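Chemist: I'd like to ask you about the structure that follows.
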Amino acid sequence: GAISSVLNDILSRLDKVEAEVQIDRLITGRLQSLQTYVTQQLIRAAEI
Amino acid sequence: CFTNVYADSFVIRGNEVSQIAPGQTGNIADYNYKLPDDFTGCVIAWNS
């Protein structure tokens, strides 16, 4: 839901207030991709 | 209740008043009066 997936693109094109929330989306999304990976790994580790 | 309190006073050409608020960029906010992206308080402006 951000304007871009490239972090310095956002920081160059947008002002500190707007740029921050765009990065937040990327932080919230990426941190979801890690929790998904680690949950999938903890389940896959149990069958191993 | 407030722990320390300051009133800052100054005179602005109206079309730049949109630079007093946090983090924004432009002459007043870069060379005359910058307030931090992490401050609590209010901005009052009126014609004179």
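Here's how to read the names in the structure tokens: chain A, B, ... by the order shown, residue numbers from 1 in each chain, ligand numbers from 1 in the order shown.
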Near chain B, which residues of chain A fall within 9 Å when you count only C-alpha atoms, and what do they look like as a list in words?
Modeler: residues 15, 16 and 17 of chain A
Chemist: With only C-alpha atoms as the counted atoms, please give the residues lying no more than 12 Å from stretch 34-36 of chain B, apart from itself and same-chain residues fewer than 3 positions off, as a ChimeraX atom specification.
Modeler: /A:16-17 /B:8,17,19-31,39-43
Chemist: With a distance cut-off of 12 Å and only C-alpha atoms, select the neighbouring residues of residue A:14, excluding the residue or stretch itself and same-chain residues fewer than 2 positions from it, and output the selection as a list in words.
Modeler: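 These residues fall inside the cut-off: residues 2, 3, 4, 7, 8, 9, 10, 11, 12, 16, 17, 18, 19, 20, 21, 22 and 23 of chain A; 23, 24 and 25 of chain B.
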Chemist: With N, CA and C atoms retained, could you export that selection as a short mmCIF file (atom, residue, chain, number, x, y, z; two decimals), in the first residue's frame?
Modeler:
data_model
loop_
_atom_site.label_atom_id
_atom_site.label_comp_id
_atom_site.auth_asym_id
_atom_site.auth_seq_id
_atom_site.Cartn_x
_atom_site.Cartn_y
_atom_site.Cartn_z
N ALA A 2 2.14 1.23 0.05
CA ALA A 2 3.02 2.39 -0.11
C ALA A 2 3.14 2.85 -1.58
N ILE A 3 3.71 4.03 -1.82
CA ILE A 3 3.98 4.53 -3.18
C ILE A 3 5.03 3.72 -3.95
N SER A 4 5.95 3.08 -3.24
CA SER A 4 7.08 2.32 -3.78
C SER A 4 7.54 1.29 -2.77
N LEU A 7 13.12 2.16 -0.64
CA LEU A 7 13.04 3.03 0.53
C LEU A 7 13.60 4.44 0.29
N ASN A 8 14.74 4.57 -0.39
CA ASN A 8 15.33 5.88 -0.69
C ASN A 8 14.61 6.63 -1.82
N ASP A 9 13.76 5.90 -2.55
CA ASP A 9 12.92 6.51 -3.56
C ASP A 9 11.90 7.33 -2.75
N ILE A 10 11.19 6.67 -1.84
CA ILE A 10 10.24 7.34 -0.94
C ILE A 10 10.89 8.54 -0.25
N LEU A 11 12.04 8.35 0.39
CA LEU A 11 12.69 9.41 1.16
C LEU A 11 13.11 10.60 0.30
N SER A 12 13.54 10.37 -0.94
CA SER A 12 13.85 11.44 -1.86
C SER A 12 12.59 12.18 -2.29
N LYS A 16 9.46 14.45 5.15
CA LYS A 16 9.63 13.69 6.41
C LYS A 16 8.34 13.13 7.01
N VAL A 17 7.29 13.95 7.05
CA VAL A 17 5.98 13.48 7.59
C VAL A 17 5.43 12.37 6.68
N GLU A 18 5.22 12.67 5.40
CA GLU A 18 4.62 11.68 4.46
C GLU A 18 5.58 10.49 4.27
N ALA A 19 6.87 10.76 4.09
CA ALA A 19 7.84 9.67 3.84
C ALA A 19 7.80 8.66 4.99
N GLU A 20 7.67 9.15 6.23
CA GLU A 20 7.68 8.25 7.41
C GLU A 20 6.55 7.22 7.31
N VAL A 21 5.32 7.67 7.02
CA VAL A 21 4.16 6.72 7.00
C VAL A 21 4.33 5.73 5.85
N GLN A 22 4.89 6.17 4.72
CA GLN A 22 5.15 5.25 3.58
C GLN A 22 6.11 4.15 4.04
N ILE A 23 7.18 4.53 4.75
CA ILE A 23 8.15 3.53 5.29
C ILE A 23 7.42 2.63 6.29
N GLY B 23 8.68 19.59 10.22
CA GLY B 23 9.36 18.78 9.21
C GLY B 23 9.34 19.28 7.77
N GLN B 24 8.43 20.22 7.48
CA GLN B 24 8.27 20.88 6.17
C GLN B 24 9.53 21.63 5.70
N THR B 25 9.63 21.89 4.40
CA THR B 25 10.89 22.47 3.90
C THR B 25 10.61 23.74 3.10
#
